[PDB]
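Q: Each protein sequence line maps, in turn, to chains C, d, S, b, n, B and c. Following the deposited numbering, the numbering of the first sequence begins with 89 at its first residue and continues without gaps. Following the deposited numbering, the numbering of the second sequence begins with 7 at its first residue and continues without gaps. Following the deposited numbering, the numbering of the third sequence begins with 2 at its first residue and continues without gaps. Following the deposited numbering, the numbering of the fourth sequence begins with 2 at its first residue and continues without gaps. Following the deposited numbering, the numbering of the fifth sequence begins with 1 at its first residue and continues without gaps. Following the deposited numbering, the numbering of the sixth sequence begins with 2 at its first residue and continues without gaps. Following the deposited numbering, the numbering of the seventh sequence begins with 2 at its first residue and continues without gaps. Beta carbons: idealized from backbone N, C-alpha and C, even for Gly.
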Amino acid sequence: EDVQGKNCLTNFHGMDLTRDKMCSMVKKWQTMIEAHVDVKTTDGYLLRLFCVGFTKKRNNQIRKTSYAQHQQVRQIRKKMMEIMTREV
Amino acid sequence: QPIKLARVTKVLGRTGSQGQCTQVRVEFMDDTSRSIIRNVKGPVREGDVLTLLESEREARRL
Amino acid sequence: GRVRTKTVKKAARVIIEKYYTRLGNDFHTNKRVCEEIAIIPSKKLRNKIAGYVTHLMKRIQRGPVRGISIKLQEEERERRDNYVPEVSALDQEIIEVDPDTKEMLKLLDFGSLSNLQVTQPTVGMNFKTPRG
Amino acid sequence: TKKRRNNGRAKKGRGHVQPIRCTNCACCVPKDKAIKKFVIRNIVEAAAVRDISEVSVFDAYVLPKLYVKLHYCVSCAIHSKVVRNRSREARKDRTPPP
Amino acid sequence: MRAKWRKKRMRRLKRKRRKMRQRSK
Amino acid sequence: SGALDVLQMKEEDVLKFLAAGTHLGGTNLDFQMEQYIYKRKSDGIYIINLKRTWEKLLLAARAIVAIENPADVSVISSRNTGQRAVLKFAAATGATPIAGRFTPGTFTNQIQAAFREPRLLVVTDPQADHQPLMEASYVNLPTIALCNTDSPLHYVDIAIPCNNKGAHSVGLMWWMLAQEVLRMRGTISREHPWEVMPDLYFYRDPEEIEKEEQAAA
Amino acid sequence: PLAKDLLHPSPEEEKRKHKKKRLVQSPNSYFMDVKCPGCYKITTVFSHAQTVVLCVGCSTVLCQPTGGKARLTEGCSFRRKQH
RNA sequence: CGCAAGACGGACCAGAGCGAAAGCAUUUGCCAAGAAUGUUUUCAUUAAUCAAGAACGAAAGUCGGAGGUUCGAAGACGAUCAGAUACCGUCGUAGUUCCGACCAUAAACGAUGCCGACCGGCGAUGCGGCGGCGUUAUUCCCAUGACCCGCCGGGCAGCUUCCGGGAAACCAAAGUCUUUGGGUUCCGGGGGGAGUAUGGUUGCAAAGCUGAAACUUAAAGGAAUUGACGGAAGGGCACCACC
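1. Of all the CB atoms in chain b, is at least one closer than 7 angstroms to the CB of residue 59 of chain C?
2. Report the residues of the region 35-49 of chain B with a CB closer than 7 angstroms to any CB of chain S, ordered along the chain.
3. Answer with yes or no whether the minimum CB distance from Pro122 of chain S to chain C is below 7 angstroms.
4. Could you name each continuous beta strand (DSSP E) segment of 3 residues or more that falls completely within the region 2-44 of chain B, going from the start of the chain to the end?
5. Out of b:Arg15, b:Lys13, b:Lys37, which has the shortest C-alpha to C-alpha gap to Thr24 of chain b?
6. Give the C-beta separation of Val25 of chain c and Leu73 of chain c to the nearest angstrom, bearing in mind that I take them to be a contact with Cβ-Cβ under 8 angstroms.
7. How should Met110 of chain C be labelled, buried or exposed, when 16 other C-beta atoms within 10 angstroms of its C-beta is the threshold for buried?
8. If the criterion is Cβ atoms closer than 7 angstroms, does the pair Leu121 of chain B and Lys17 of chain B meet it?
9. From the DSSP secondary-structure annotation, give me the bridge partner or partners of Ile171 of chain C.
10. With a threshold of 16 other CB atoms inside 10 Å of the CB of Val58 of chain b, please say whether the residue is buried or exposed.
11. Excluding five sequence neighbours on each side, which residues of the same chain lie with their C-beta closer than 7 angstroms to the C-beta of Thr119 of chain C?
12. Nearest to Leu68 of chain d by CA position, among d:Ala12, d:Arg20, d:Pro8, is which residue?
13. Closer than 8 angstroms, Cβ to Cβ, to anything on chain S: give me those residues from the region 188-203 of chain B, in chain order.
14. Inspect the CB distances between the region 187-203 of chain B and the region 85-96 of chain B and report whether three or more fall short of 8 angstroms.
15. In chain order, what residues of the same chain lie with their CB nearer than 7 angstroms to the CB of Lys10 of chain S, ignoring the 5 residues before and after it?
16. Starting from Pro122 of chain S, trace the beta strand (DSSP E) in both directions and tell me its first and last residue.
17. For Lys12 of chain b, I'd like the list of residues in its chain whose CB is within less than 8 angstroms of its CB, leaving aside the five on either flank, ordered along the chain.
18. The beta strand (DSSP E) spanning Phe128 of chain S covers which residue range?
19. Between b:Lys93, b:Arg87, b:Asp94, b:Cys77, which has its C-alpha nearest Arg22 of chain b's C-alpha?
20. What number of angstroms, rounded off, separates the C-alpha of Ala179 of chain B from the C-alpha of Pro207 of chain B?
21. Under the three-state reduction of DSSP, which class applies to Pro65 of chain b: helix, strand or coil?
22. Any idea if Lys45 of chain S is buried or exposed, counting beta-carbon neighbours within 10 angstroms, 16 or more meaning buried?
23. Is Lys4 of chain b helix, strand or coil by DSSP?
24. Can you give me the Cβ contacts of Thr54 of chain B inside the same chain, cut-off strictly under 6 angstroms, excluding the 5 residues immediately before and after it?
25. Which of the residues in the region 100-115 of chain C, read from start to end, lie with their CB under 8 angstroms from any CB of chain S?
26. Taking a cut of 7 angstroms between CB atoms, which residues from the region 58-88 of chain b lie near chain C?
27. Taking just the CA atoms, how far does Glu118 of chain B sit from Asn141 of chain B?
28. Which value, in whole angstroms, describes the spacing of the CA atoms of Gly69 of chain c and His49 of chain c?
29. Taking a cut of 7 angstroms between CB atoms, which residues from the region 77-100 of chain B lie near chain S?
30. Given a threshold of 16 other Cβ atoms within 10 Å of its Cβ, counted over all protein chains shown, does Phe128 of chain S qualify as buried or as exposed?
31. Report the rounded CA-to-CA distance for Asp130 of chain B versus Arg47 of chain S, giving the unit in angstroms.
32. What residues of chain S sit near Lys17 of chain B, judged by a beta carbon separation below 8 angstroms?
33. Look at the alpha carbon of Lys8 of chain n and the alpha carbon of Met20 of chain n, and state the distance between them as a whole number of angstroms.
34. Beta-carbon separation of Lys40 of chain B and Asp101 of chain S under 7 angstroms?
35. Decide yes or no for the touch test of the region 94-103 of chain B against the region 67-75 of chain B: beta carbon pairs closer than 8 angstroms, at least 3 of them.
36. Taking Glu122 of chain C as part of the beta strand (DSSP E), name the residues at either end of that continuous run.
Written out as C-alpha cells, the structure reads:
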C-alpha cells in the first residue's frame with residue numbers, strides 16, 4: 089500500500105483457497121452450496137465474501153446419495169448471506 | 007557421489023522389452039537396513055554383489 | 002517337462018486302490034510289485050507307474066487323496082467321525098433368548114421355561130451395509 | 002440388432018443432455034454418453050518426491066494433489082485403453098474393475 | 001452412394017430442372 | 002402330526018432348537034417363506050415359527066416313512082456343514098448319501114457309473130444343492146429341502162423352515178428328522194429319549210478336530 | 002401364494018393397503034374431540050383439517066394445516082371418536 | 001497489475017428431477033403454470049381416441065435491425081500424398097450471440113401411438129403422505145429438520161425368473177393370440193424405379209406437405225450360428241522369432 093524505506097508495508101487485498109484444498113472438498117454424492125455477499129465494512133472497504141458448504145453423510149447413514157432439497161439449499165444460502173453480512 | 011555395493015536378496019522378475027534385464031531387490035551392505043528394487047543386465051542369482059555407480063535410482067516394479 | 006500322462010496316473014491309482022497293502026514307500030520294491038500284479042509291456046512305463054505309485058503312497062501317509070479310496074475310509078471319516086463329547090453344546094444352563102423369540106414361545110404352549118434368560122433388545126436398529 | 006439396453010448412455014427420462022468436449026480430441030459427446038475418470042494425482046510421481054522431501058524448506062511437508070476430471074469420447078477412450086470391448090454377458094457388469 | 005448424398009444430388013438435379021422449366025414462363 | 006398329543010412338539014425339543022438356533026433365520030426373506038415366519042427382529046433377523054418348523058418336520062418324516070424301500074431315499078448335501086449330518090442320516094434311516102460334489106446327470110444320464118434313481122430327495126439347502134433340485138425336474142422326484150427365510154422354493158415340494166446356515170442347526174434338524182422317521186417306523190419308543198446324541202451330526206471346523214486331538218491328551 | 006382368503010383378509014393386511022384398493026373401500030381419516038386449555042368446550046376437528054381451525058371467538062388457534070394429518074397446537078389434547 | 005466486450009455456466013451433475021415434445025443447470029426477486037400426494041370437499045358421466053382445423057417444434061437455412069469473444073461452412077495459404085478441390089496445421093467471410101418475422105424438418109429414437117383391466121419376485125431411487133426403537137441440531141423442551149426401520153400412491157429406472165410371448169436378439173411387456181373380438185387414431189404389402197415425374201398447395205428463398213406410372217428384377221432384407229478376415233482388446237508359443 090505504501091513504502092517507508094527498505095520496507096514494503098502491505099495491506100489486505102483478498103483471502104483465497106489453494107485449489108488443492110478447493111478441489112479436494114468437491115466430491116460426488118452430496119450437495120455443494122455456495123453464497124456470495126457484496127458487503128461493506130465500518131470504514132470504506134467493500135468486500136465480496138464467497139462461502140462454500142458440503143452436505144454431510146451422517147454416522148448411521150446407509151443411503152449413498154446424501155442430497156438436500158432446493159428449499160433446504162436456499163435456506164442455507166440465505167443463512168450464509170445473513171451470517172457474512174452480520175460479521176462484516 | 008560414491009560408488010557403493012549392494013547384495014541381491016531377491017530376484018523378482020524378468021523385465022525389459024525383450025525380457026533382457028532381471029528386476030532385483032538389492033540390500034545395501036554399507037547401510038545394512040536400506041533396500042530398493044533395481045534393474046540388472048546379465049544373469050543374476052540371489053546373493054551376488056552389484057557395483058552401483060549411483061545408489062539413488064529405483065526401478066518401476068512388474 | 003516330467004508331467005505324468007493319464008495312462009501313468011490311471012494305472013498308478015488303480016494299482017494302489019486294488020493292491021494298497023502290497024505297497025510301501027521304497028521305489029525299488031513296489032517297482033517289482035507293479036511287475037507282478039500288472040502286465041506292463043514297457044520297462045520305462047513300468048518305472049513311471051512305480052514312481053507315481055510311490056508319490057501317491059507318500060500323499061496317503063499325509064492324508065486322504067481326492068481320486069482314491071482306502072478300505073475303512075479310513076479310521077477318521079469312518080471311526081473318528083463317530084466322535085461324541087461328554088455333554089452336548091446344545092445342553093446349555095442359561096440359553097439367551099430375544100424378547101420376540103420369547104413372544105413366539107408365549108404363543109406356543111411354552112410361555113414359561115426355567116432356563117431361558119430373556120435379554121434386553123438390540124437398540125440402534127442399524128444392520129445393513131452402506132450402498133456403493 | 003440393439004447391442005446395449007441403455008443404448009450406451011445414461012439418460013432414461015430426458016431426451017436431451019448437454020454436449021461435453023472430449024479432452025483428447027475436441028469431439029462433442031453427450032455428458033451421460035462420455036466415459037468420465039476423476040484422476041487424483043501427486044504433482045511428482047516416485048523419483049522426484051525423494052528429491053523434494055530432502056530439498057523442502059519445511060518440516061515433513063505433505064505434497065499437494067492435481068484434481069482433473071477427464072471426459073472421453075468412446076473412440077478416444079478405447080484407443081487410449083481407458084475402456085475396452087467385453088463379451089456380451091460381461092458387458093452387463095456395471096461394477097468398476099478393482 | 002450414401003443415401004444423404006443421393007438425396008443432395010436429387011435436390012441439385014431438381015434445382016436445375018426448376019431453373020430450366022422457369023425460362024419458358 | 003396335527004391335533005395329536007403323541008406327535009405334539011415336546012419341551013426338550015424346543016431347548017434343542019433354541020440352543021442350535023433353528024428359529025434364528027437369515028437377514029433376507031423369500032415371498033414363498035413369509036408363511037413360515039413369526040415376526041422380524043430389530044437388527045434385521047427373521048424369527049422362524051418353530052411350531053410350523055415342527056409340522057413340516059413331521060410331514061417330511063411321513064413322506065420318508067411312506068417310501069417302503071428305505072434304500073431309494075437319496076439324501077444330499079454339497080456344503081461341508083451337512084456332509085457329516087447326511088452321512089449319519091444314511092446310517093440311521095438306511096438312506097443313500099451323496100456328501101459333496103453332486104455330479105450333474107446322476108439322475109438323467111444312465112451310462113454314468115453313479116446313476117442313482119431314487120423315489121425321494123432330501124436336500125440341506127435349495128441354493129447350494131440347486132443341481133439335485135433341477136435334475137428332480139427331469140425325473141419325477143418329490144423333494145424335501147431344509148429351507149432358510151432366504152431360500153427359494155423352486156422345485157422344493159415340502160420345505161422345512163430352519164437355520165440351514167449355522168453348523169449346529171443343520172446337524173440338529175438332520176438328527177430331529179432321523180429320530181422322527183425311526184420313531185414313526187416303530188423302531189424306537191417315544192417315552193424314553195434316543196441313544197444317538199444330537200451333537201453327533203454336527204460338522205466341526207478342521208481347527209476344532211486338531212483342537213480336540215490336542216485336548217484329548 | 003395361490004390360495005389367498007380374499008373373502009376374509011386379516012385386519013393387518015387391510016390397514017396396510019391403500020384406502021381405495023381394500024376389499025371394501027374405507028377412509029384412513031377420522032374426527033377427534035379437541036379442547037384448548039383456555040376455553041371450556043370441546044370442538045370436533047377433522048384429522049386432515051386443511052384449514053386454520055379456531056375455537057369460539059378465537060380463544061386460540063387449534064389446528065394448523067399441513068400435507069396430511071393437520072398438527073394440533075401445543076397444549077391441545079384429542080380423543081378420536083368412533084361409531 | 002488493471003480495463004473492456006462478447007460467449008458459456010465446469011467441478012457438484014447422478015442410468016437424478018422437470019417439461020406434451022423440442023428441451024431445461026450461477027444468485028436473487030417478481031409473474032402466472034404444473035404433476036404427485038393429502039381429503040368422510042364439490043359437480044355427477046362431464047369420458048377415451050380422434051378426419052377437418054390449431055398450438056409448440058433441435059440444428060442448419062432465410063429477411064430486417066443490434067452485436068461480433070471464441071469457434072468456423074466458403075475462401076486463401078502451409079503440410080501429407082502419385083494426386084489429397086480430405087483428414088493435420090496458421091489465418092478466415094457467411095454463420096455462431098440478442099430482438100422482430102419466417103422455415104416446419106432430425107437416427108425429432110425407447111427406431112416401441114394413446115386410454116383401460118389382469119398376470120411373478122427382490123433391492124434401490126425421486127416426490128407426497130402415514131407409522132415406528134434409537135442417534136443428532138435448534139437447547140430450554142416443544143415441533144420441525146438430518147439419519148435409521150417399515151407402509152401406501154404416483155414417477156425415471158434396475159436386477160432376477162420356464163408367467164407368457166417371439167424368427168431370434170430379446171421383452172413384466174414386445175405377455176394375457178388359431179383357446180384368435182376391451183376402446184380408438186395413424187400406417188405397411190417383395191427389391192428397385194422414387195419420395196422421382198407430373199398436378200395441387202405452402203414458402204421471400206431454400207425447400208416442405210401431398211405424390212404416381214412406364215420400365216426393371218429373384219431376391220433385397222431381419223435375427224442368430226459356424227468359419228475366414230481386421231490397420232480391435234487380451235493371452236500363449238518358436239534361434240525356420242527376438243534378446
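A: With the given structure in hand:
1. Residue 59 of chain C is absent from the structure shown; chain C starts at 89 and stops at 176.
2. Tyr39, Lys40, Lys42, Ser43, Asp44, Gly45, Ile48
3. Start at 1 with the first residue of the third sequence, and residue 122 of chain S comes out as number 121. Not closer than 7 angstroms to any Cβ of chain C, the Cβ of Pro122 of chain S fails to qualify, so no.
4. none
5. To locate residue 24 of chain b, count along the fourth sequence from 1; it is residue 23. Closest option to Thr24 of chain b, Cα to Cα, is b:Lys37.
6. Taking the seventh sequence and counting its residues from 1, one reaches residue 25 of chain c at position 24. Taking the seventh sequence and counting its residues from 1, one reaches residue 73 of chain c at position 72. Incorrect: roughly 30 angstroms between the Cβ atoms, too far for contact.
7. Stepping through the first sequence from its first residue, residue 110 of chain C is reached at position 22. So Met110 of chain C counts as exposed.
8. Your numbering for residue 121 of chain B matches position 120 in the sixth sequence. Your numbering for residue 17 of chain B matches position 16 in the sixth sequence. For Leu121 of chain B and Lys17 of chain B, no; Cβs fall outside 7 angstroms.
9. Residue numbering aside, residue 171 of chain C sits at position 83 when the first sequence is read from its first letter. Answer by DSSP bridge pairing: none, since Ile171 of chain C is not bridged.
10. Along the fourth sequence, read from residue 1 onward, the residue named residue 58 of chain b stands at position 57. It counts as exposed.
11. Indexing the first sequence from 1 puts residue 119 of chain C at position 31. So the list reads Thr143, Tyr155, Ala156, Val161, once near-sequence residues are dropped.
12. Counting from 1 along the second sequence, the entry for residue 68 of chain d is found at position 62. Here the closest residue by C-alpha is d:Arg20.
13. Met198, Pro199, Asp200, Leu201, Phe203
14. Short answer: they touch.
15. If you number the third sequence from 1, residue 10 of chain S lands on position 9. Once the five neighbours on either side are set aside, the close Cβ partners of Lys10 of chain S are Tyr53.
16. The residue labelled residue 122 of chain S in the question sits at position 121 within the third sequence. Premise fails: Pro122 of chain S is in no beta strand (DSSP E) and is neither H nor E.
17. Stepping through the fourth sequence from its first residue, residue 12 of chain b is reached at position 11. Cβ within range, chain order: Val18, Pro31, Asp33.
18. Walking along the third sequence from the start, residue 128 of chain S turns up at place 127. Premise fails: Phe128 of chain S is in no beta strand (DSSP E) and is neither H nor E.
19. The sequence position of residue 22 of chain b within the fourth sequence is 21, counting from 1. When only C-alpha atoms are compared, the closest one is b:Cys77.
20. For the purposes of this step, residue 179 of chain B is taken as the residue at position 178 of the sixth sequence. For the purposes of this step, residue 207 of chain B is taken as the residue at position 206 of the sixth sequence. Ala179 of chain B and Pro207 of chain B: Cα-Cα distance of roughly 25 angstroms.
21. Position 64 of the fourth sequence, counted from the start, is the residue given in the question as residue 65 of chain b. Coil.
22. Here residue 45 of chain S is taken as the residue at index 44 of the third sequence, counted from 1. Exposed is the call here.
23. Position 3 of the fourth sequence, counted from the start, is the residue given in the question as residue 4 of chain b. Here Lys4 of chain b sits in coil by DSSP.
24. Position 53 of the sixth sequence, counted from the start, is the residue given in the question as residue 54 of chain B. Closer than 6 angstroms at the Cβ level, and outside the excluded window around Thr54 of chain B, lie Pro162.
25. none
26. For the region 58-88 of chain b, which is checked against every Cβ of chain C, the residues closer than 7 angstroms are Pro65, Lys66, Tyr68.
27. On the sixth sequence, position 140 is the one that residue 141 of chain B refers to. On the sixth sequence, position 117 is the one that residue 118 of chain B refers to. So the two alpha carbons sit approximately 10 angstroms from each other.
28. Working through the seventh sequence from its first residue, we reach residue 69 of chain c at position 68. Working through the seventh sequence from its first residue, we reach residue 49 of chain c at position 48. Going from the Cα of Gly69 of chain c to the Cα of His49 of chain c covers about 6 angstroms.
29. Taking 7 angstroms as the Cβ-Cβ cut-off against chain S, the residues of the region 77-100 of chain B that qualify are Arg85.
30. Residue numbering aside, residue 128 of chain S sits at position 127 when the third sequence is read from its first letter. Exposed, since its Cβ has fewer than 16 Cβ neighbours within 10 Å.
31. Here the question's residue 130 of chain B lines up with position 129 in the sixth sequence. Here the question's residue 47 of chain S lines up with position 46 in the third sequence. When rounded, the distance between both Cα atoms is 42 angstroms.
32. In the sixth sequence, residue 17 of chain B corresponds to position 16, counting from 1. Result: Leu91.
33. Residue 8 of chain n sits at position 8 when you count from the first residue of the fifth sequence. Residue 20 of chain n sits at position 20 when you count from the first residue of the fifth sequence. Near 18 angstroms, if we compare the C-alpha coordinates of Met20 of chain n and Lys8 of chain n.
34. As a position in the sixth sequence, residue 40 of chain B is number 39, starting the count at 1. As a position in the third sequence, residue 101 of chain S is number 100, starting the count at 1. Closer than 7 angstroms, so yes.
35. Taking a cut-off of 8 angstroms for Cβ pairs, the region 94-103 of chain B and the region 67-75 of chain B touch, as three or more such pairs fall below it.
36. Residue mapping note: residue 122 of chain C aligns to position 34 of the first sequence, counting from 1. That run of the beta strand (DSSP E) goes 120-128.
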